[PDB]
Amino acid sequence: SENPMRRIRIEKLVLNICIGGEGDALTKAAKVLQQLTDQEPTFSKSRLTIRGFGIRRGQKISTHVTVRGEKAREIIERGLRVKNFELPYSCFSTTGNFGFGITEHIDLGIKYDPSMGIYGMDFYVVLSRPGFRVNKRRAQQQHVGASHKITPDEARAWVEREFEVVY
Amino acid sequence: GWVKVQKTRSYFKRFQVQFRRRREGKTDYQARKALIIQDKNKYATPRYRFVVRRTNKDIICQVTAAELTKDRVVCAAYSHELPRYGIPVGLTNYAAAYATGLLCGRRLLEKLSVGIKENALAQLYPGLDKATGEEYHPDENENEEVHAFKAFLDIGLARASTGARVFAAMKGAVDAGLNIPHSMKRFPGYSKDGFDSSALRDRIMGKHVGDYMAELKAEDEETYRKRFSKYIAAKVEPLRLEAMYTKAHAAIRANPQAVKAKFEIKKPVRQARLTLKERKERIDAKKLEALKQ
Amino acid sequence: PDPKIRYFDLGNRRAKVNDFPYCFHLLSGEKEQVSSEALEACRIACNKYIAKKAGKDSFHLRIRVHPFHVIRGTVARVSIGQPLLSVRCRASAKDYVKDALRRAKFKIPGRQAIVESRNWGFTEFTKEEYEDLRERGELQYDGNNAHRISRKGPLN
Amino acid sequence: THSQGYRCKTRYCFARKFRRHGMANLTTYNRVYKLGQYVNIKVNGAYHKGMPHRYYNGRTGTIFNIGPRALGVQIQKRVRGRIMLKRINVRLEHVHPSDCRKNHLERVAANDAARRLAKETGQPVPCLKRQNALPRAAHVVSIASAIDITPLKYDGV
Amino acid sequence: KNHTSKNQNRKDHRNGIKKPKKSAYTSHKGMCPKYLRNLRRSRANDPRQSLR
Amino acid sequence: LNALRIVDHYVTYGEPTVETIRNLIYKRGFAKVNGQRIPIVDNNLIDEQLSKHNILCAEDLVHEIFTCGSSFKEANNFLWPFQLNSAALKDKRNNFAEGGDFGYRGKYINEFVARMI
RNA sequence: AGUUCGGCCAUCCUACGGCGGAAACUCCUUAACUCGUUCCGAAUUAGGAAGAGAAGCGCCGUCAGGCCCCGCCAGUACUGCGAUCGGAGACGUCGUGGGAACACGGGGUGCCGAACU
RNA sequence: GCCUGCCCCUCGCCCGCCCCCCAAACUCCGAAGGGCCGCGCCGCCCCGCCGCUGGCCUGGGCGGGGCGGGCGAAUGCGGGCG
RNA sequence: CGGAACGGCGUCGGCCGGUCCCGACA
RNA sequence: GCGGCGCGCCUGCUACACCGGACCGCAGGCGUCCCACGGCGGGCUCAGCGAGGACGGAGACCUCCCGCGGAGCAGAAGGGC
């Protein structure tokens, strides 16, 4: 509809950098996420111990920040300049939330520092409309309506207008 | 890719629906059980709950007893009644919540005292004449022939924080004279080594909205118009908030009786339910529509 | 030990609903426990006789009873009027089936009953009921069984 | 029965109903109980404190003691050749009020009511004693629509 | 015989199935102390009072 | 009637005729006065224990029993259970419906008791 | 009509599609505070009032699924009691009592009670 | 089948729907059959007492005094205690 | 004559499917 | 006798719908472990499907959805949540 309420918004961007058993790289990956997003990233530990990627239970193998608001738009567009505004058509989920990933933090536009090595990151963007709080609120929590839920096709259209992305 | 639906017929057959108000998300039955439970040796003596529920538009404060098949509302005062007492805007603000609580407490105590005369509950428990951050416990000193009315705060699904507005209505009930047990930890002023009456006094007097109003107007007049359009439209001066609040507290104490306003009822008739023959007729039409492609 | 009989569907298992019209059933006269060895030997005899006299395609044979009760290898609990063996066959095999069932009866313990089935094939519907539904088209076919097209569910 | 623990053979007895697993309705804690009231005892599986024993399930008793959280109820348990008054304390979740004498309480009221009603009008007093069915009266039944019914033939085999 | 319950129900019903006796129903055993103290305080006044 | 069906194997029952009642009350009737078996040979004994119930004479007794009247319990209890001669009994094991003797004999109880009185 | 608190907890649920909203409710709009985010005002805490029914929310629909109710199933299956009943049995029968279930068909699809506008 | 090719087929896998026979240690249902408890004293008014309960002029117990009705399933049979 | 699965054109009693005066090629 | 232990204790059975029922009858446990694996309050949802996201694949990590519990609650089994 042309209802103001049915306007899609970028609810959240998640920047996750998963390294492994090297230990030092994880701390440095957090610092470049802190300087990119401007908020402090948190660390996700391992759920299982696997010898092949040295994964050990509770080894803090990941670092991620949830960026919301105007900051999220700036980071997504800078990442999409690395992708040259081209995304796969199937990179969109059934929920209407899409994602992309880049290698090399320098490609985003961050300046290089010798102490911290280049680390790539995954960019997952969640698309939402005003009125979706009915799923997340503590009191009177009910599922969003199927019409009000973002459809994968309607999400492609929104991003092909906002960032002129071609699929 | 080819997978069974999570919600199978078996899922629905074995599904146990939760309680109607739990499904709605309106009530926590674990909290309610403790708030409603009374000793069996006390039998049917009524147990009162001071329920403070905050809708976006107003703060609803009520005193309710738990009957076996219903809840009885002994008294209920709403923030929407505050314009009659001289508070036109910020009806969901912390200061308004305190005055809504004062209104329910005074309204109930007055209703108990309407005909008693000899030892009226309101006469025996007047309350704090001035709205202050000082901790007041009516139960601390009691007539001993009459005791302060006791009710227990019910916040529902609200998170208990220092400065939360649910506590402000409880302080107004306490200020009116209702004995509501409290610790004053979740009040603006508790700092471990003591209570700063000044900090609570300020929230009760609406200082936080009025300092913001003064700062916002200076920093950006246009945002002040957008943020506080109703205040500018109600001709409420920012500094005047404390005077308005003190006058309101006095106006509540002098006459807490409900105006008992009544309005029109507008009910849309909506669609009439289809008759069984009408449903059967739709089935014939649906079969005919599918038959020709 | 494993039951000697692992195959309970023999003959034309994939045959169509109207491919076979006449069904014959070998029921149990007495309540008894029938061995897996007894079900394997009766299953070899009946299948072989009809397949020899007619064709494997001409008949679908089902050993309805299954040996589950381990005996402290395994035995099948059977009751009076519980079908032990069943066969649906076309006219080409109608005559041979009754005599094959009588060659399977000498292997199974206790009294046994050979009956023609008024029901069409393995379907619940009787031959007359099957025909009436078939003319209407209400008799939707599923695999080898037959069912009513039903007035339940979403119309579209 | 080699092992005899407090909760043995309680697989079905102390298990909730098909769609009744969950937290007790608040009515159990809101029902007023008075001394001498008849109360049925039925265990609730969810609640494990104040639980009575599997014997007590299905028993009806009088409330000897009412206490802050559990009511003391006295049942009669036949131990060999003697019935013994077994006083047990049972939490609210496993004590339900019994209709029990509700029929007698209704009868006492109705008998008194139909006595006063008679004193006013319809003066002959009504019979206030239960009659155990009794034989049927003679009556008359029309056999104009009578249908002949006959034994049916065997068709099973 | 390791165990027999035969004849046990004939022996029980020979002179048995006996009621638990009166004064067991109205016993104050297991009644709340605070209620029992209140009963004694109330009883010790006017007609119910049995002191001189 | 529900209790009687539990004990059917041990008993035979039927509706009695007035002559069958008269013969039992007169030829085999004995009272229960002071827990003693006192023979009913006169209308005086019946008057003594049943005047309160208005059962003054033997005709009142064979009438109350037959009509199952208001004073049926008193009338029946006044009579010590009848002691009769040995029954013919075709078969004690089966019900009269199955061709034996136990259970409902209906009108045939009158014939069955006749020889026993 | 709607709100708050409830009662019993699906005839109240689940899916999907319509239909509304004066008031109310909600979504909503912001962080000066208060408070809150393994990170994030998403939730939450506060302060609002520029918008809006698009959702949540009521109302209707759907040969819908479930749930609810009544028939049929079926006096069937079982079983209480009596049998110098039949039968080699293991199973059945008769007399006298009780009495399902799954299918299947036909419908229905929350109400109650306090306060307030 | 073919520069290759997944260019297509065949069964699996996997969902959908039927379907044969089931279970002492399975149960959405659910008997017969058992168990426990009740079947006489009520209704109404008043008053007394309590370190016990309530915001109260509230309860809950335990008594006393009235005023109206009263014996309110069948059958048998005196029960109890040391 | 305790007795089984199986046999019996022993003697009776039924149940069902048929063909008989279109004599069950002349 | 040899061996085992219905030689103390516990769960589901056999056990015949109150309760009580034997078995060198059956499938199993216990003699420990934890100052947290305790108490309480607040917040939260679990296992997983599906569909998605540089390395990264069957597999970690981050995402939304729908999630009657299909997870977890020290150890047997049954209840319970």
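Everything discussed here concerns the structure shown above.
Residues numbered from 1 in each chain as written, not as in the entry; some residues may be left out. Chains lettered and ligands numbered in written order. Part of a larger assembly, values for the part shown. Heavy atoms only, no water.

Things to note about the packing of helix α1 (residues 36-53) of chain C against helix α2 (residues 91-104) of chain C
Residue and element names in this part refer to chain C.
- Packing of α1 against α2 leaves a shortest axis separation of 9 Å and a crossing angle of 155°. Between α1 and α2, the angle is such that the two are roughly antiparallel. Read as a crossing pair, α1 and α2 show a hand that is right-handed. The residues of α2 that touch α1, namely those facing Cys 42, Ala 45, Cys 46, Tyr 49, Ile 50 and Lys 53, are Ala 93, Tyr 96, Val 97, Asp 99, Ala 100, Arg 103 and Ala 104. (Axes fitted to C-alpha atoms, helices over the stretch in contact; angles between N-to-C directions. Helix = DSSP H or I, 4+ residues; strand = E, 2+ residues; numbered from the N terminus. Parallel < 35°, antiparallel > 145°, perpendicular 65-115°, else oblique. Left-handed = near helix turned anticlockwise from the far one by under 90°. Contact = heavy atoms within 4.5 Å.)

Some remarks on the protein's contact with RNA strand G
- The full set close to RNA strand G counts 127 residues, and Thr 66 of chain A together with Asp 71, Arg 165, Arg 227 and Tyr 231 of chain B are the nearest of them.
- In RNA strand G, the atoms that sit within 4 Å of the protein are 72% sugar and phosphate, with bases accounting for the remainder.
- Here a sugar or linking oxygen of RNA strand G and a backbone polar atom of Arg 227 of chain B are 2.6 Å apart.
- Here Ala 261 of chain B contributes a backbone N or O atom positioned 3.0 Å from a sugar or linking oxygen of RNA strand G.
- Partitioned by chemical class, the residues of the surface near RNA strand G number 38 nonpolar, 38 polar and 51 charged. (Near = heavy atom within 4 Å. Polar contact = N/O pair within 3.5 Å; in protein donor to acceptor, adjacent residues only side chain to side chain. Nonpolar A, V, L, I, M, F, W, Y, C, P; charged D, E, K, R; others polar.)

A few points about the interface of chain B and chain D
- Taken residue by residue, the interface counts 19 residues in chain B and 22 residues in chain D.
- Buried surface at the junction of chain B and chain D, both sides included, amounts to about 1700 Å², of which 64% is carbon and sulfur.
- At the junction of chain B with chain D, the criterion picks out 0 salt bridges.
- Summed over the shared surface of chain B and chain D, the number is 7 residue pairs in polar contact.
- Elements that contribute at least two residues to the side of chain B that touches chain D include exactly α1 (9-14) and α3 (29-36) of chain B.
- Top element by residues in the side of chain B that touches chain D is α3 of chain B. It accounts for 4 residues.
- Tallied by class, the residues present in the side of chain B that touches chain D amount to 9 nonpolar, 3 polar and 7 charged. (Buried area = accessible area lost by both parts, 1.4 Å probe. Salt bridge = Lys/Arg side-chain N within 4 Å of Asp/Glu carboxyl O.)

Things to note about the sheet that holds strand β1 (residues 9-11) of chain C
Residues and elements named next belong to chain C.
- Pairing within the open sheet is antiparallel, and its 5 strands lie in the order β1-β4-β7-β2-β8. Where the open sheet ends on each side, the last strands, each with one partner, are β1 and β8 (112-117). Ignoring strand direction, the axes of neighbouring strands in this sheet form an average angle of 20°.
- Across 3 bridges, β1 lies against strand β4 (residues 59-63) in antiparallel orientation. In the strand pairing of β4, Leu 10 is matched with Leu 61.
- Here α2 sits on the sheet and contacts β2 (22-28), β7 (83-89) and β8; the angle it forms with β2, its principal contact strand, is near 10°. (Pairing = 2+ DSSP bridges.)

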